[PDB]
Structure formats: structure tokens, C-alpha cells
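> Just so it is clear, I am handing over upload16.pdb, which has PDB, N, CA and C atoms.
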```pdb
ATOM      1  N   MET G   1       0.841  -1.227   0.000
ATOM      2  CA  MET G   1       0.000   0.000   0.000
ATOM      3  C   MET G   1       0.863   1.259   0.000
ATOM      4  N   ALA G   2       1.602   1.463   1.086
ATOM      5  CA  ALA G   2       2.471   2.627   1.212
ATOM      6  C   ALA G   2       1.662   3.921   1.191
ATOM      7  N   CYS G   3       1.775   4.700   2.262
ATOM      8  CA  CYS G   3       1.055   5.964   2.366
ATOM      9  C   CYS G   3       1.827   6.959   3.228
ATOM     10  N   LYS G   4       2.641   7.787   2.581
ATOM     11  CA  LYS G   4       3.435   8.785   3.289
ATOM     12  C   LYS G   4       3.214  10.175   2.702
ATOM     13  N   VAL G   5       3.896  11.166   3.269
ATOM     14  CA  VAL G   5       3.776  12.542   2.805
ATOM     15  C   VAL G   5       2.344  13.052   2.967
ATOM     16  N   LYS G   6       1.484  12.738   1.998
ATOM     17  CA  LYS G   6       0.090  13.166   2.045
ATOM     18  C   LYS G   6      -0.017  14.673   2.286
ATOM     19  N   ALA G   7      -1.171  15.112   2.782
ATOM     20  CA  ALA G   7      -1.408  16.519   3.066
ATOM     21  C   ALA G   7      -0.730  16.935   4.365
ATOM     22  N   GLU G   8       0.531  16.553   4.515
ATOM     23  CA  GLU G   8       1.296  16.903   5.702
ATOM     24  C   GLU G   8       1.371  18.413   5.827
ATOM     25  N   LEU G   9       1.228  19.083   4.690
ATOM     26  CA  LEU G   9       1.253  20.534   4.657
ATOM     27  C   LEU G   9      -0.015  21.088   5.285
ATOM     28  N   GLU G  10      -1.074  20.297   5.203
ATOM     29  CA  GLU G  10      -2.371  20.671   5.741
ATOM     30  C   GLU G  10      -2.326  20.866   7.247
ATOM     31  N   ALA G  11      -1.349  20.253   7.888
ATOM     32  CA  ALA G  11      -1.236  20.339   9.331
ATOM     33  C   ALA G  11      -0.687  21.682   9.769
ATOM     34  N   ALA G  12       0.409  22.068   9.151
ATOM     35  CA  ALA G  12       1.055  23.319   9.473
ATOM     36  C   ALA G  12       0.183  24.490   9.121
ATOM     37  N   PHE G  13      -0.453  24.422   7.968
ATOM     38  CA  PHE G  13      -1.324  25.495   7.524
ATOM     39  C   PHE G  13      -2.523  25.633   8.460
ATOM     40  N   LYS G  14      -3.282  24.545   8.583
ATOM     41  CA  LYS G  14      -4.440  24.536   9.469
ATOM     42  C   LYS G  14      -4.013  24.911  10.879
ATOM     43  N   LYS G  15      -2.720  24.771  11.152
ATOM     44  CA  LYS G  15      -2.179  25.136  12.445
ATOM     45  C   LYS G  15      -1.445  26.458  12.304
ATOM     46  N   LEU G  16      -1.028  26.753  11.071
ATOM     47  CA  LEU G  16      -0.357  28.000  10.772
ATOM     48  C   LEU G  16      -1.299  29.121  11.118
ATOM     49  N   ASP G  17      -2.579  28.810  11.083
ATOM     50  CA  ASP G  17      -3.586  29.789  11.451
ATOM     51  C   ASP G  17      -4.949  29.155  11.543
ATOM     52  N   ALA G  18      -5.579  28.980  10.397
ATOM     53  CA  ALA G  18      -6.915  28.421  10.336
ATOM     54  C   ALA G  18      -7.904  29.412  10.938
ATOM     55  N   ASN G  19      -7.549  29.955  12.106
ATOM     56  CA  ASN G  19      -8.387  30.929  12.778
ATOM     57  C   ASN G  19      -7.568  32.061  13.406
ATOM     58  N   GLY G  20      -6.331  31.770  13.822
ATOM     59  CA  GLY G  20      -5.491  32.796  14.436
ATOM     60  C   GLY G  20      -6.239  33.597  15.490
ATOM     61  N   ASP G  21      -6.149  33.166  16.746
ATOM     62  CA  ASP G  21      -6.844  33.844  17.832
ATOM     63  C   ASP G  21      -5.889  34.611  18.734
ATOM     64  N   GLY G  22      -4.799  33.966  19.095
ATOM     65  CA  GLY G  22      -3.815  34.579  19.959
ATOM     66  C   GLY G  22      -2.684  33.627  20.234
ATOM     67  N   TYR G  23      -2.238  32.965  19.178
ATOM     68  CA  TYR G  23      -1.160  32.009  19.271
ATOM     69  C   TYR G  23      -0.222  32.188  18.095
ATOM     70  N   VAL G  24       1.059  32.034  18.356
ATOM     71  CA  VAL G  24       2.066  32.208  17.338
ATOM     72  C   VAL G  24       1.968  31.149  16.266
ATOM     73  N   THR G  25       1.957  31.613  15.032
ATOM     74  CA  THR G  25       1.830  30.733  13.882
ATOM     75  C   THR G  25       2.571  31.266  12.656
ATOM     76  N   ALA G  26       2.201  30.743  11.479
ATOM     77  CA  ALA G  26       2.802  31.170  10.218
ATOM     78  C   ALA G  26       2.553  32.658   9.979
ATOM     79  N   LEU G  27       1.744  33.258  10.847
ATOM     80  CA  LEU G  27       1.435  34.670  10.760
ATOM     81  C   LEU G  27       2.711  35.471  10.502
ATOM     82  N   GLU G  28       3.831  34.940  10.998
ATOM     83  CA  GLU G  28       5.143  35.537  10.793
ATOM     84  C   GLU G  28       5.801  34.851   9.598
ATOM     85  N   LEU G  29       5.403  33.597   9.392
ATOM     86  CA  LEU G  29       5.901  32.820   8.268
ATOM     87  C   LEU G  29       5.715  33.630   7.002
ATOM     88  N   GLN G  30       4.625  34.390   6.966
ATOM     89  CA  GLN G  30       4.357  35.256   5.828
ATOM     90  C   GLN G  30       5.537  36.212   5.664
ATOM     91  N   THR G  31       6.058  36.665   6.800
ATOM     92  CA  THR G  31       7.216  37.532   6.823
ATOM     93  C   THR G  31       8.385  36.720   6.322
ATOM     94  N   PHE G  32       8.396  35.460   6.729
ATOM     95  CA  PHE G  32       9.419  34.541   6.268
ATOM     96  C   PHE G  32       9.349  34.477   4.746
ATOM     97  N   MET G  33       8.131  34.291   4.257
ATOM     98  CA  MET G  33       7.866  34.216   2.828
ATOM     99  C   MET G  33       8.108  35.550   2.136
ATOM    100  N   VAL G  34       7.906  36.650   2.852
ATOM    101  CA  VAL G  34       8.132  37.966   2.253
ATOM    102  C   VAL G  34       9.605  38.340   2.338
ATOM    103  N   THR G  35      10.263  37.867   3.387
ATOM    104  CA  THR G  35      11.679  38.127   3.575
ATOM    105  C   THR G  35      12.509  37.067   2.847
ATOM    106  N   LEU G  36      11.862  35.951   2.519
ATOM    107  CA  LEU G  36      12.512  34.859   1.809
ATOM    108  C   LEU G  36      11.459  33.889   1.285
ATOM    109  N   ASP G  37      10.692  34.352   0.308
ATOM    110  CA  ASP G  37       9.625  33.553  -0.287
ATOM    111  C   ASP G  37      10.104  32.165  -0.684
ATOM    112  N   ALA G  38      11.400  32.028  -0.910
ATOM    113  CA  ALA G  38      11.963  30.745  -1.290
ATOM    114  C   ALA G  38      13.321  30.532  -0.643
ATOM    115  N   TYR G  39      13.468  31.000   0.596
ATOM    116  CA  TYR G  39      14.726  30.858   1.326
ATOM    117  C   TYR G  39      15.904  31.228   0.435
ATOM    118  N   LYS G  40      15.675  32.189  -0.455
ATOM    119  CA  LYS G  40      16.712  32.645  -1.372
ATOM    120  C   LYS G  40      17.918  33.181  -0.608
ATOM    121  N   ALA G  41      17.683  33.619   0.624
ATOM    122  CA  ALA G  41      18.747  34.154   1.463
ATOM    123  C   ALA G  41      19.125  33.175   2.575
ATOM    124  N   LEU G  42      18.373  32.082   2.689
ATOM    125  CA  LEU G  42      18.638  31.073   3.707
ATOM    126  C   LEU G  42      18.692  31.701   5.102
ATOM    127  N   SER G  43      19.301  30.996   6.052
ATOM    128  CA  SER G  43      19.409  31.482   7.415
ATOM    129  C   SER G  43      20.867  31.666   7.823
ATOM    130  N   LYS G  44      21.615  32.411   7.017
ATOM    131  CA  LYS G  44      23.018  32.669   7.312
ATOM    132  C   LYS G  44      23.142  33.612   8.501
ATOM    133  N   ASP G  45      22.098  34.406   8.711
ATOM    134  CA  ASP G  45      22.051  35.367   9.815
ATOM    135  C   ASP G  45      20.928  36.379   9.615
ATOM    136  N   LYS G  46      19.833  35.931   9.013
ATOM    137  CA  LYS G  46      18.686  36.799   8.765
ATOM    138  C   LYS G  46      17.407  36.178   9.316
ATOM    139  N   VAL G  47      17.312  34.857   9.209
ATOM    140  CA  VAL G  47      16.143  34.129   9.683
ATOM    141  C   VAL G  47      16.035  34.157  11.207
ATOM    142  N   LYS G  48      17.178  34.198  11.882
ATOM    143  CA  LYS G  48      17.198  34.209  13.345
ATOM    144  C   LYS G  48      16.874  35.587  13.900
ATOM    145  N   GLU G  49      17.268  36.616  13.174
ATOM    146  CA  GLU G  49      17.013  37.985  13.612
ATOM    147  C   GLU G  49      15.523  38.230  13.757
ATOM    148  N   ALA G  50      14.737  37.443  13.038
ATOM    149  CA  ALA G  50      13.292  37.575  13.087
ATOM    150  C   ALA G  50      12.662  36.389  13.800
ATOM    151  N   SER G  51      13.296  35.236  13.659
ATOM    152  CA  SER G  51      12.809  34.018  14.280
ATOM    153  C   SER G  51      13.215  33.944  15.743
ATOM    154  N   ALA G  52      14.453  34.323  16.032
ATOM    155  CA  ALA G  52      14.959  34.291  17.404
ATOM    156  C   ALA G  52      14.038  35.041  18.348
ATOM    157  N   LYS G  53      13.331  36.013  17.805
ATOM    158  CA  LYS G  53      12.399  36.800  18.582
ATOM    159  C   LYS G  53      11.067  36.085  18.662
ATOM    160  N   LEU G  54      10.607  35.636  17.506
ATOM    161  CA  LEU G  54       9.345  34.925  17.403
ATOM    162  C   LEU G  54       9.421  33.581  18.116
ATOM    163  N   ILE G  55      10.622  33.028  18.211
ATOM    164  CA  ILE G  55      10.797  31.735  18.860
ATOM    165  C   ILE G  55      10.907  31.865  20.368
ATOM    166  N   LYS G  56      11.374  33.015  20.817
ATOM    167  CA  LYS G  56      11.527  33.267  22.238
ATOM    168  C   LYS G  56      10.178  33.550  22.889
ATOM    169  N   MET G  57       9.179  33.864  22.066
ATOM    170  CA  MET G  57       7.850  34.164  22.575
ATOM    171  C   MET G  57       6.878  33.006  22.365
ATOM    172  N   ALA G  58       7.222  32.080  21.471
ATOM    173  CA  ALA G  58       6.342  30.948  21.193
ATOM    174  C   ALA G  58       7.086  29.617  21.161
ATOM    175  N   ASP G  59       8.355  29.640  20.772
ATOM    176  CA  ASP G  59       9.137  28.414  20.691
ATOM    177  C   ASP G  59      10.010  28.220  21.926
ATOM    178  N   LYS G  60       9.427  27.648  22.974
ATOM    179  CA  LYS G  60      10.161  27.386  24.206
ATOM    180  C   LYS G  60      10.801  26.004  24.143
ATOM    181  N   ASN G  61      10.118  25.084  23.467
ATOM    182  CA  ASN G  61      10.607  23.720  23.313
ATOM    183  C   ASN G  61      10.131  23.119  21.990
ATOM    184  N   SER G  62       9.776  23.985  21.038
ATOM    185  CA  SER G  62       9.298  23.549  19.728
ATOM    186  C   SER G  62       7.835  23.129  19.805
ATOM    187  N   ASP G  63       6.983  24.063  20.214
ATOM    188  CA  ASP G  63       5.559  23.795  20.339
ATOM    189  C   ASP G  63       4.734  24.712  19.440
ATOM    190  N   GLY G  64       5.217  25.935  19.238
ATOM    191  CA  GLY G  64       4.503  26.889  18.404
ATOM    192  C   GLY G  64       4.143  26.329  17.040
ATOM    193  N   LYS G  65       5.143  25.826  16.324
ATOM    194  CA  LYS G  65       4.928  25.260  14.998
ATOM    195  C   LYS G  65       5.689  23.942  14.846
ATOM    196  N   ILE G  66       4.955  22.854  14.589
ATOM    197  CA  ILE G  66       5.563  21.535  14.434
ATOM    198  C   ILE G  66       4.797  20.675  13.426
ATOM    199  N   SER G  67       5.356  20.544  12.218
ATOM    200  CA  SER G  67       4.761  19.750  11.132
ATOM    201  C   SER G  67       5.254  20.278   9.777
ATOM    202  N   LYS G  68       4.351  20.447   8.804
ATOM    203  CA  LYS G  68       4.766  20.976   7.515
ATOM    204  C   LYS G  68       5.558  22.248   7.754
ATOM    205  N   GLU G  69       5.232  22.931   8.835
ATOM    206  CA  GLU G  69       5.959  24.138   9.183
ATOM    207  C   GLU G  69       7.445  23.822   9.232
ATOM    208  N   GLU G  70       7.786  22.739   9.903
ATOM    209  CA  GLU G  70       9.169  22.316   9.959
ATOM    210  C   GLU G  70       9.571  21.905   8.556
ATOM    211  N   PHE G  71       8.596  21.370   7.840
ATOM    212  CA  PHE G  71       8.787  20.966   6.470
ATOM    213  C   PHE G  71       9.177  22.161   5.628
ATOM    214  N   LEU G  72       8.273  23.116   5.532
ATOM    215  CA  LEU G  72       8.513  24.310   4.727
ATOM    216  C   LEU G  72       9.506  25.280   5.381
ATOM    217  N   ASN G  73       9.581  25.282   6.713
ATOM    218  CA  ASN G  73      10.489  26.187   7.410
ATOM    219  C   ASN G  73      11.827  25.525   7.735
ATOM    220  N   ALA G  74      11.918  24.209   7.551
ATOM    221  CA  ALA G  74      13.157  23.496   7.833
ATOM    222  C   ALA G  74      13.628  22.688   6.629
ATOM    223  N   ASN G  75      12.745  22.451   5.661
ATOM    224  CA  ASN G  75      13.127  21.698   4.470
ATOM    225  C   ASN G  75      14.271  22.396   3.756
ATOM    226  N   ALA G  76      14.102  23.692   3.568
ATOM    227  CA  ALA G  76      15.095  24.532   2.914
ATOM    228  C   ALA G  76      16.299  24.724   3.816
ATOM    229  N   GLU G  77      16.003  24.955   5.079
ATOM    230  CA  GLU G  77      17.022  25.172   6.091
ATOM    231  C   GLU G  77      17.781  23.888   6.383
ATOM    232  N   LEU G  78      17.082  22.764   6.303
ATOM    233  CA  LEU G  78      17.708  21.474   6.554
ATOM    234  C   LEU G  78      18.380  20.962   5.288
ATOM    235  N   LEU G  79      17.889  21.423   4.146
ATOM    236  CA  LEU G  79      18.442  21.023   2.870
ATOM    237  C   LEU G  79      19.544  21.980   2.438
ATOM    238  N   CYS G  80      19.419  23.242   2.854
ATOM    239  CA  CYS G  80      20.400  24.273   2.512
ATOM    240  C   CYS G  80      21.829  23.732   2.571
ATOM    241  N   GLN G  81      22.538  23.839   1.452
ATOM    242  CA  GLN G  81      23.914  23.363   1.368
ATOM    243  C   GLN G  81      24.612  23.940   0.141
ATOM    244  N   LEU G  82      24.222  25.154  -0.238
ATOM    245  CA  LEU G  82      24.808  25.819  -1.396
ATOM    246  C   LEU G  82      26.314  25.993  -1.223
ATOM    247  N   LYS G  83      27.002  26.277  -2.324
ATOM    248  CA  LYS G  83      28.446  26.467  -2.295
ATOM    249  C   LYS G  83      28.802  27.858  -1.778
TER
END
```
Translate this structure into C-alpha cells?

Amino acid sequence: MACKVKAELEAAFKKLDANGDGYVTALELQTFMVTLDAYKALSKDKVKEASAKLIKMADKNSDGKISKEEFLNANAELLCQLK
């Protein structure tokens, strides 16, 4: 059968906001996307300047965003290996 990947993105998004009441989400990811719509600048020292703040208020142990978020927010960062 085999069933992986799937709408794994649906988790981060539906959690990225879905309703956005008063919890840290992709709401900043948009900034991520606006500051690096495609991680064109990676996280050499720009992603933390904005994330280090957003993570200190929501990411105490990796609870704010965990799923496709790590996928889309870590896929590039985890894959990043340019020359």
C-alpha cells in the first residue's frame, strides 16, 4: 500500500492559522515568505534575527509550529547546502 507525505502541509497550515486567535503561527511565516519567499537568502544570519524573537515568545521547546511548518520552514534550512 504505502502511504506517506500526504497533506502533511495541511497540518502546518491549518495550524499555521486556520483561525489565528492569539497564538504564534505562520502569521510571521508570511514575513518569512516575504523576507525569503523561497529561502533565497537562507538562514546565514537573517532568519534568526526575526525568528529568534518569534521563537523566544512561542518556541520554548518547539511547540509553536511543528509539522509541515518544519517541512517548509526546515526543508530549505535542513536542505540548505549551497556552495
> Taking into account only N, CA and C atoms, which residue in the set G:83, G:66, G:74, G:47 is nearest to residue G:32?
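For residue G:32, the nearest of the candidates is G:47.
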> If I put a ball of radius 12 Å at (8.7, 23.4, 12.0) in the file's coordinates, which residues poke into it when counting only C-alpha atoms, written as a ChimeraX atom specification?
/G:8-9,11-13,15-16,25-26,29,51,55,59,61-78
> If I wrap all listed atoms of stretch 16-22 of chain G in a box with edges along x, y and z and add 8 Å on each side, what are its centre and edge lengths in Å to one decimal, as AutoDock Vina command-line options?

```
--center_x -4.4 --center_y 30.7 --center_z 15.3 --size_x 24.0 --size_y 23.9 --size_z 25.9
```
> What gap, in Å, lies between atom C of residue G:57 and atom C of residue G:24?
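Interatomic distance, atom C of residue G:57 to atom C of residue G:24: 8.0 Å.
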> Just to confirm, what's the straight-line distance from atom C of residue G:17 to atom C of residue G:4 in Å (one decimal)?
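Atom-to-atom, atom C of residue G:17 to atom C of residue G:4, that is 22.5 Å.
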> Quote the spacing between atom N of residue G:40 and atom N of residue G:5 in Å to one decimal place.
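So the two atoms, atom N of residue G:40 and atom N of residue G:5, lie 24.4 Å apart.
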> Check chain G with DSSP on the backbone and list each residue it calls alpha helix (DSSP H), as a ChimeraX atom specification.
/G:9-16,29-36,47-58,68-79
